[PDB]
Amino acid sequence: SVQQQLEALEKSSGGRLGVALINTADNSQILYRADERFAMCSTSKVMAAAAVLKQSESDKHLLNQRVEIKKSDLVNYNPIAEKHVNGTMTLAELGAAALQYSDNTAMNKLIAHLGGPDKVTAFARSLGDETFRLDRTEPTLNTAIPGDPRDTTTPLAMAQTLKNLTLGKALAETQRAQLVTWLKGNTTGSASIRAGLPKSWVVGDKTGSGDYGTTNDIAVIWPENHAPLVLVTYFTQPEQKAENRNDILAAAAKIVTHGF
């Protein structure tokens, strides 16, 4: 009947909804189209940030390395990087900006530092994620064309990988804690998953949006008196210029967490 509710939400919305919830208390799962590919858009930024944190495990100087920001580095959405044109940002600062403000220049800097989109994909494979693929940089990784496999993953794969990154064995403790700190400080997710949950729950999330009204959020959730939940909600539509629908993600989160 959670299934019935998600199916009715999807039908009314006129799009395609993908949901994966992992309850880490018993490793039970609520899945809806969790095996289907969706364009990740900005939710892919988490993997690029994590790949740099993994590097920092063996290179104690990495996170403080400075990167020059020039006018030509700027793409189409740079709320943090534009404040530093002609100056520099550390890799840690780029990580923060990519995740907490969804800065596109910060994402591209991280990808260039790693050596390209294929390097983010190899990082994901090393974590046992055989689904994730990053193919392009910002801003073209957001085209989200139906049936296009580029820059996609599935809700289940992303839920498992986010669990491993934030609560599991993917990163050493210091790096794991840094990633979690970044996600909890996200500024862009108020109208998404967070809006469907009790106000007192602690949430770390990364949103993403793109063409075809593609509207995504992935979250780690710490309830007050229970083990954490991991929740991925992906949503996309059939018209290229469809409006983004953060309210659909909030509604889906309310449905699947009804019971906690």
# chains A, B, ... in the order shown; residues from 1 in each chain; ligands from 1
call {"tool": "select_by_dssp", "arguments": {"residues": "range 101-229 of chain A", "states": "strand (DSSP E)", "output": "PyMOL selection string"}}
result
chain A and resi 152-153+202-209+215-222+229
call {"tool": "select_by_dssp", "arguments": {"residues": "range 42-244 of chain A", "states": "alpha helix (DSSP H)", "output": "NGL selection string"}}
result
:A and (45-56 or 91-100 or 104-114 or 117-126 or 155-167 or 173-184)
call {"tool": "closest_atom_pairs", "arguments": {"of": "range 143-220 of chain A", "to": "range 95-113 of chain A", "cutoff": "12 Å", "atoms": "only C-alpha atoms", "output": "tab-separated table"}}
result
residue	atom	partner	partner_atom	distance
A:175	CA	A:95	CA	11.9
A:178	CA	A:96	CA	9.6
A:179	CA	A:95	CA	8.9
A:180	CA	A:99	CA	10.6
A:181	CA	A:96	CA	9.3
A:182	CA	A:96	CA	6.1
A:183	CA	A:99	CA	6.7
A:184	CA	A:100	CA	8.4
A:185	CA	A:100	CA	6.0
A:186	CA	A:100	CA	4.0
A:187	CA	A:100	CA	5.6
A:188	CA	A:101	CA	6.5
A:189	CA	A:100	CA	9.4
A:204	CA	A:100	CA	10.0
A:205	CA	A:99	CA	8.9
A:206	CA	A:99	CA	6.6
A:207	CA	A:102	CA	8.1
A:208	CA	A:102	CA	8.2
A:209	CA	A:102	CA	10.3
A:218	CA	A:99	CA	11.8
call {"tool": "closest_residue", "arguments": {"among": "A:22, A:141, A:248, A:221", "to": "residue 6 in chain A", "atoms": "only C-alpha atoms"}}
result
A:248
call {"tool": "residues_around", "arguments": {"residues": "range 228-232 of chain A", "least_positions_apart": "2", "cutoff": "6 Å", "atoms": "only C-alpha atoms", "output": "list in words"}}
result
residues 19, 20, 21, 22, 23, 24, 155, 159, 218, 219, 220, 221 and 222 of chain A
call {"tool": "write_last_selection", "arguments": {"atoms": "C-alpha atoms", "output": "PDB file, in the first residue's frame"}}
result
ATOM      1  CA  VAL A  19      12.417   5.681  -4.891  1.00  0.00           C
ATOM      2  CA  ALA A  20      14.781   3.694  -2.715  1.00  0.00           C
ATOM      3  CA  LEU A  21      14.662   3.752   1.065  1.00  0.00           C
ATOM      4  CA  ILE A  22      17.077   1.713   3.187  1.00  0.00           C
ATOM      5  CA  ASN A  23      16.217   1.381   6.879  1.00  0.00           C
ATOM      6  CA  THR A  24      19.590   0.576   8.490  1.00  0.00           C
ATOM      7  CA  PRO A 155      17.819   4.678  -7.102  1.00  0.00           C
ATOM      8  CA  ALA A 159      21.042   4.414  -2.037  1.00  0.00           C
ATOM      9  CA  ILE A 218      19.377  11.880  -2.031  1.00  0.00           C
ATOM     10  CA  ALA A 219      19.450  11.994   1.757  1.00  0.00           C
ATOM     11  CA  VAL A 220      20.782  10.443   4.918  1.00  0.00           C
ATOM     12  CA  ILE A 221      18.294  10.859   7.746  1.00  0.00           C
ATOM     13  CA  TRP A 222      18.928  10.574  11.485  1.00  0.00           C
TER      14      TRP A 222
END
call {"tool": "closest_residue", "arguments": {"among": "A:237, A:85, A:243, A:149", "to": "residue 11 in chain A", "atoms": "only C-alpha atoms"}}
result
A:237
call {"tool": "atom_distance", "arguments": {"atom1": "CA of residue 48 in chain A", "atom2": "CA of residue 116 in chain A"}}
result
10.0 Å
